[PDB]
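Basis: the model, the stated rules and, where named, an outside source; nothing here is a laboratory result. Neighbour counts run over all protein chains shown; Cβ positions are idealised from the backbone, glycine included.
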Amino acid sequence: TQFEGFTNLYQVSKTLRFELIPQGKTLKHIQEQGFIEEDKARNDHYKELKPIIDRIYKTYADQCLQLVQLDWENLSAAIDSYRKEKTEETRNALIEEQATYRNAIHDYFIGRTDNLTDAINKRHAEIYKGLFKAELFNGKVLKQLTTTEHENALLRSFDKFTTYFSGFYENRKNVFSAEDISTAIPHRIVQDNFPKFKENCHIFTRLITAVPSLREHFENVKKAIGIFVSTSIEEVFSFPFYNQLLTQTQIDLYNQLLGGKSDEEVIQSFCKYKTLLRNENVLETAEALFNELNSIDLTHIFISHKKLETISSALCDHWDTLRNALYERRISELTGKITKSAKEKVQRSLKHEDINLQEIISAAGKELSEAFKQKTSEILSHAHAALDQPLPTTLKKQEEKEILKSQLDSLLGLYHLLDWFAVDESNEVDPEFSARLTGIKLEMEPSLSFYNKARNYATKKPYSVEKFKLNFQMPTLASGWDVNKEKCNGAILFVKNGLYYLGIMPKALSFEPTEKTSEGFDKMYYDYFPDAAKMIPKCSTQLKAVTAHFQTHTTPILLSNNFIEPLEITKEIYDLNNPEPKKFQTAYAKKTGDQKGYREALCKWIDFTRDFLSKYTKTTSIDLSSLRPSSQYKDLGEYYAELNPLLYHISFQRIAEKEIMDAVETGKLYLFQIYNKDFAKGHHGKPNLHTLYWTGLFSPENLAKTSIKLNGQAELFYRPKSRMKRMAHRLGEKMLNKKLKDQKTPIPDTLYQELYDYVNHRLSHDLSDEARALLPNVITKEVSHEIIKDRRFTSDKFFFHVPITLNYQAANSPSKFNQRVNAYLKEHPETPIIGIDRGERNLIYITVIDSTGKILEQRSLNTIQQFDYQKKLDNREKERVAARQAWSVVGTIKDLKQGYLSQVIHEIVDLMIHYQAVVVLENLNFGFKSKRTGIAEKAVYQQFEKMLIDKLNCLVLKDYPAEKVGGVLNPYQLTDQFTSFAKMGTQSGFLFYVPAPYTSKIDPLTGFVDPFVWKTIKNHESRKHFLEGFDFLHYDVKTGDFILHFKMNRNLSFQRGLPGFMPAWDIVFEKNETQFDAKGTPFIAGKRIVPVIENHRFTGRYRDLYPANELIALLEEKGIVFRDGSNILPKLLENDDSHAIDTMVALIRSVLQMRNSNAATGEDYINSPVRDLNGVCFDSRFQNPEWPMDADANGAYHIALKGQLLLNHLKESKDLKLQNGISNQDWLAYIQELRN
RNA sequence: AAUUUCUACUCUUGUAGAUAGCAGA
DNA sequence: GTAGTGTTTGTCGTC
DNA sequence: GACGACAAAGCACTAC
């Protein structure tokens, strides 16, 4: 079992796309008969007919909901018990109780409820059966419930084309489904409206009991409107009335008892909604509500737990402070011996409960109220200052786009503020406050969709990719390529001079083949026979005439209808097909074994099949002699696995050029050249993968032995043109490049446009200082030939979609792919490992490690195909965001990252095959990535991992030959088929996923990590404790380095809870000597880039810091003797100076900071604070090639080491299974012990 | 700035990589 | 008239 | 225990 043998494991289906160029006079014939216009109306009716069809669903669903009568007492008790006890047993009890009620509603739809009689119950089943297929159009379902002529004309527009509603059928199943999905009617009744109605009944009785006069007052409101005349006010707040609140008309009446495409379109609609906010005075109402909070009872104003951490980060130092302050005050009011169990109960309570505003203020201090007041007025003033600010006239200028976004940010800011308060009725909400808040919260609700609509309008491309499929009045066009079904599908293919053509017969063309010597096209003859397990009984035994004759009368028969010679069927072989489980099937093997009867039945069936294939019309000559004798086959399985591949075949027969060309002239054939930019006249270079798929499908070897099957169900399309502002490079102008002379640094976007206007003599202004300096370095080109910016959408285009099945000879689905991969990895201990980590100074960095741990190659992936993506392109695009912060610039970056990740896919698969390695990514469930990194978190990288699995699902390298494995005919199968993001584990074929955290902040030489969390210590007293835990600090005179001994069994409150190996450490203040690297460049050893500037501004600017030089400067000023090598900590503690004790902790902060990054001066290195067994401190500035070169190298190096940990456990464990993740402590113990 | 179309691009009337379509979020 | 044009079934695999 | 995968067997109804 070699690595190179991971081919032909399971089938992979892909769909190709091509542009059909009308050849000859086929364009005139199409327009003359108007297929395109008729098809345009049909897609443009797919919108007129949809509301008409919905009348059937709406009426039938409404009618079924009118008879629903249920007892909701059980559902209420399950809701109460879950709110009472928050245990997993009461949750599962509620989930089952909800599923029971959803099915009770579902049984009204399908007709399986005991509440209705059989006559009514069965009538619904006859409707629900044909409710999601072509029976909607019969009028039959509407006959159970009258069409107009225009509606009838709209129904017939989809004659032989109702598959256009394929996805729509699924959307309507989501409406009537009984599953726990929010698109469904049962879910809306059971899990959405009833908890609201159940809460309404509780709010009602509490008010009536406290204020009984409110009862007659509520009754007067109901009588004064006229709703629910036959129902009193107490009954509408009782459970039985909810059965009459299941239809929209009743829901509307219930709610009324409670309540009583273009540029100017975004301006007219927003200003209309904007001017509506003034008339409702929602700002004045909101400003009055937040002003009430200064005097009203704050123990009944609740903050949502889903927003508490967000509020903490917006009003306090960190997200932690609020949850922690509430934790300390609640522990402060526990009873008796406060165990660690009681503390964990307080922790879990704070995760899922709403906190009242008073408990927050009493726990956080008066400085939260000032933060709450300041943030509230800040948001309210911005929304108030935006409602009176008028919108611009157009969105032509970016300055006019900015003010539209600025006002939407103020509107979304107020909308964000209102969602701070808990909405659920589980809390004791204020009467007036909850009503006034919910009113303005729902009146600010449309502002969220207005933010998203406007952004998509500005970030959309100037094209119009919308398109409608072409049917040519044939419902089953391109459904199948077979010659027998050629007539009824009207789709064929050709080939001539290496150019592939598609032929369509519009509303017989008896093509007469000619010899190969005659010039012309080569028609593809497609012969297919789906499966012998189903075709042969259908065509031989289960014929209607044959079955009826044998059931009644017992004599045999010679079948001479559609057969080259009569075939024969005896009485017994029909009984073998239909016994009194089938005998030739594995019936005896499953139960009641009989070997003698089995083989006789098996051999009779197989010999029948061979005779039938010889006598059937089109299978009479398809290589039937290659079958191996019948009597010794084990079962039908290995026969059909051998018979089905032979049935599929493709042949090419020459057809005269005159016949095809004249056929197009007379209008009986619609030629269409398949064109995908790889058949152009100027094409010189390696082609697209899909072209190789298409070229390899018709290669002589593929027809000889099938590996890529040409599936049916192909589709055609037509894309109307959409040109708004055609811009092109006409002759006589100058085409400026987007890269400099070195061909790797892109020009900034704003500067390139200015230079393009200047070099072309169109800029009326003067080049800026930076623009002028860039002029001598840019290259210009004359317009040799005319170029159109996005020529694709300038004119109408046809499109052809065709599916292919790669690895057709393999199984349908993979069978234990991970087990096979693990088995190979077990027997090949020398396999290398590939790790990928997103760096801060570069997008992607990769390191490959051998079996025993040494690095074979560390590379930066920010320069792909002679183009720098991170250092220049993403950085200047990032610079644009800081300058503008508009919507369009945000869209460009997201598109660019996806384009970058496409390039990275090629390098991973290329490097993998060269090393035959397993690539270890980082799983996204665990950890979080810093904002300074180029690639976003879990947004674009999560899609990138899926694209890697899909690429390796069927991997082809376009340089590899077709015959050799790794090519188009025999693609690699290196990963299992993708199922879901959540379903995938730590291993998917040759891809391993490891936890991201603790991979960069680690010394590669020692495995050391910063053992202290710096968030814990703020106070002077904690600084005394922190520096007391350390054993001793002394100045080694011989080496000139301070040594700080630390023991992991101390300062447990300041650690992070991850001891690891190495019970004792020696943190050293290495001397600031001018060391030299491999290249000879000088640097100062021990240099640290620390960002500590202010208490609130700890990141604004970076400063050079030298721990050795600042420590000796501090000790000298304090007059603390250190040349003798004596302990320094006892002297500092007994000296008792606040400044020295404070500064020393910051120095310990600095030394422990391995990550040193400075964007301006271009340093990114890791300097270790501890020495390894050799007695040398790691410093990546030395550029040692056997250790990580840069900081981003360390992250990729340790991610690959984490994958090595999983692979090592694979080898040591007897079973072929992997641990479901690895703990942080285990990883720390592994790396620290390994380096010892 | 020309692409089945997506990104980036222009010695090269195109280059390099990706690309499972269809309907609905 | 009469066949040329223009929905249903076969065991599977998959669940 | 119902849903795809395909053709080819199965019924209408009329152009010829």
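If you take just the strands (runs of 3 or more DSSP E) that sit entirely in segment A:664-773, which of them hold at least 3 residues that are surrounded by 13 or more Cβ atoms within 10 Å (Cβ to Cβ) and away from DNA strand D (no atom under 16 Å from the Cβ)?
Those strands (runs of 3 or more DSSP E) span A:670-675, A:715-719, A:734-740.
Within segment A:475-494, is even one residue surrounded by fewer than 13 Cβ atoms within 10 Å (Cβ to Cβ) and closer than 25 Å to residue A:719 by Cβ? No, every residue in segment A:475-494 fails to be surrounded by fewer than 13 Cβ atoms within 10 Å (Cβ to Cβ) and closer than 25 Å to residue A:719 by Cβ. Within segment A:1048-1096, considering only strands (runs of 3 or more DSSP E) that don't extend past its boundaries, which have at least 1 residues that are over 30 Å from residue A:313 (Cα atoms)? Where strands (runs of 3 or more DSSP E) fall fully within segment A:1048-1096 and carry at least 1 residues being over 30 Å from residue A:313 (Cα atoms), they are A:1064-1069, A:1074-1076, A:1082-1084. Put simply, of A:897, A:938, A:946, A:931 the only residue that is within 30 Å of residue A:851 (Cβ to Cβ), of a type in the set (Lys, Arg) and out of contact with any strand residue (DSSP E or B) (no Cβ under 9 Å at 6 or more places or on another chain) is A:946. Being surrounded by fewer than 17 Cβ atoms within 10 Å (Cβ to Cβ), closer than 30 Å to residue A:1227 by Cβ and β-branched (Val, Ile, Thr) is true of residue A:1099. If you filter segment A:811-843 down to residues that are hydrophobic (A, V, I, L, M, F, W, C) and either within 16 Å of DNA strand C (Cβ to nearest atom) or more than 17 Å from residue A:1194 (Cα to Cα) (or both), you find that the one that is surrounded by the fewest Cβ atoms within 10 Å (Cβ to Cβ) is A:811. Taking the criterion of being more than 16 Å from DNA strand C (Cβ to nearest atom), assigned to a helix (DSSP H, G or I), among the aromatic types (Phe, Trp, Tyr) and touching a helix residue (DSSP H, G or I) at 6+ places or on another chain (Cβ under 8 Å), would at least one residue in segment A:406-419 satisfy it? Yes; the residues of segment A:406-419 include at least one that is more than 16 Å from DNA strand C (Cβ to nearest atom), assigned to a helix (DSSP H, G or I), among the aromatic types (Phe, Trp, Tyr) and touching a helix residue (DSSP H, G or I) at 6+ places or on another chain (Cβ under 8 Å). Within segment A:517-530, the only residue that satisfies the criterion of being within 7 Å of DNA strand D (Cβ to nearest atom) and either within 25 Å of residue A:557 (Cβ to Cβ) or of a type in the set (S, T, N, Q) (or both) is A:529. Inside segment A:1203-1224, residues that are over 19 Å from residue A:924 (Cα atoms) and either in contact with an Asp or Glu (Cβ under 9 Å, 6 or more places away or on another chain) or assigned to a helix (DSSP H, G or I) (or both) make up a count of 6. Of all the residues that make up segment A:117-165, how many are assigned to a loop (DSSP other than H, G, I, E, B) and under 30 Å from residue A:470 (Cβ atoms)? Looking only at that region, the number is 12.
Candidates in segment A:637-662 are the residues that are in contact with a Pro (Cβ under 9 Å, 6 or more places away or on another chain) and not in a helix (DSSP H, G or I); of these, the one that is nearest to DNA strand D (Cβ to nearest atom) is A:653.
Can you tell me which of A:1032, A:1069, A:1026, A:1046 is closer than 28 Å to residue A:1186 by Cα and not basic (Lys, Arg)? Break it down stepwise before answering.
Values: A:1032 fails: closer than 28 Å to residue A:1186 by Cα; A:1026 fails: closer than 28 Å to residue A:1186 by Cα; A:1046 fails: closer than 28 Å to residue A:1186 by Cα.
Within the list A:1032, A:1069, A:1026, A:1046, the selection yields A:1069.
In segment A:1111-1121 there is no residue matching the filter, namely being in the same structural domain as residue A:1142 (by TED's automatic domain parsing), in a strand (DSSP E or B) and loosely packed, with under 14 Cβ neighbours inside 10 Å. Of everything listed in (1) part of a loop (DSSP other than H, G, I, E, B); (2) touching a strand residue (DSSP E or B) at 6+ places or on another chain (Cβ under 9 Å); (3) of a type in the set (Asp, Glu), the single unmet condition for residue A:71 is (2).
Scanning segment A:461-473 for any residue that is closer than 30 Å to residue A:504 by Cα, in contact with a helix residue (DSSP H, G or I) (Cβ under 8 Å, 6 or more places away or on another chain) and not in a loop (DSSP other than H, G, I, E, B) turns up at least one such residue.
Residue check: residue A:518 meets all listed conditions (1) among the small types (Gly, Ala, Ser); (2) buried (at least 16 other Cβ atoms within 10 Å of the Cβ); (3) away from DNA strand C (no atom under 11 Å from the Cβ) but one, namely (2).
Scanning segment A:983-1016 for residues that are of a type in the set (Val, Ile, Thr), farther than 30 Å from residue A:823 by Cα and crowded, with 18+ Cβ neighbours inside 10 Å turns up A:1002, A:1006, A:1009.
Scanning segment A:46-98 for residues that are of a type in the set (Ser, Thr, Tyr) and under 16 Å from residue A:248 (Cβ atoms) gives A:57, A:59, A:60. Every listed requirement among (1) within 11 Å of DNA strand C (Cβ to nearest atom); (2) within 26 Å of residue A:692 (Cβ to Cβ) is met by residue A:475 save one, (2).
When you scan segment A:841-880, how many residues do you find that are within 14 Å of RNA strand B (Cβ to nearest atom) and β-branched (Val, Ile, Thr)? Here the count works out to 3.
Is it the case that segment A:431-445 has a residue that's surrounded by 15 or more Cβ atoms within 10 Å (Cβ to Cβ) and either in the same structural domain as residue A:41 (by TED's automatic domain parsing) or not in a helix (DSSP H, G or I) (or both)? Yes, because at least one residue in segment A:431-445 is surrounded by 15 or more Cβ atoms within 10 Å (Cβ to Cβ) and either in the same structural domain as residue A:41 (by TED's automatic domain parsing) or not in a helix (DSSP H, G or I) (or both). Cβ-Cβ distances below 9 Å connect the following pairs, each with a first residue in segment A:968-979 that is aromatic (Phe, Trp, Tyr), a second residue that is surrounded by fewer than 24 Cβ atoms within 10 Å (Cβ to Cβ) and part of a loop (DSSP other than H, G, I, E, B), and a separation of six or more residues or different chains: A:972/A:6; A:972/A:954; A:972/A:956; A:972/A:957; A:972/A:965; A:972/A:966; A:978/A:984. Residues that are part of a strand (DSSP E or B) and within 13 Å of RNA strand B (Cβ to nearest atom) do occur in segment A:1-10.
The residues of segment A:1082-1096 that are exposed (fewer than 14 other Cβ atoms within 10 Å of the Cβ) and either of a type in the set (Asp, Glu) or closer than 13 Å to residue A:1165 by Cα (or both) amount to a single one, A:1094. In segment A:774-797, which residue that is surrounded by 15 or more Cβ atoms within 10 Å (Cβ to Cβ) and in contact with a helix residue (DSSP H, G or I) (Cβ under 9 Å, 6 or more places away or on another chain) is farthest from residue A:15 (Cα to Cα)? In this case the residue turns out to be A:774.
Regarding segment A:15-24, can at least one residue be identified that is more than 37 Å from the chain's Cα centre (by Cα) and surrounded by 18 or more Cβ atoms within 10 Å (Cβ to Cβ)? Within segment A:15-24 (the criterion being more than 37 Å from the chain's Cα centre (by Cα) and surrounded by 18 or more Cβ atoms within 10 Å (Cβ to Cβ)), the answer is yes, since at least one residue qualifies.
Return a yes/no flag: does segment A:534-547 have any residue that is aliphatic (A, V, I, L, M), surrounded by 12 or more Cβ atoms within 10 Å (Cβ to Cβ) and within 16 Å of RNA strand B (Cβ to nearest atom). No, segment A:534-547 contains no residue that is aliphatic (A, V, I, L, M), surrounded by 12 or more Cβ atoms within 10 Å (Cβ to Cβ) and within 16 Å of RNA strand B (Cβ to nearest atom).
Within segment A:541-558, does at least one residue satisfy the condition of being away from DNA strand C (no atom under 16 Å from the Cβ), over 30 Å from residue A:674 (Cα atoms), touching a strand residue (DSSP E or B) at 6+ places or on another chain (Cβ under 8 Å) and β-branched (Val, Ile, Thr)? Yes; the residues of segment A:541-558 include at least one that is away from DNA strand C (no atom under 16 Å from the Cβ), over 30 Å from residue A:674 (Cα atoms), touching a strand residue (DSSP E or B) at 6+ places or on another chain (Cβ under 8 Å) and β-branched (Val, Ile, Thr).
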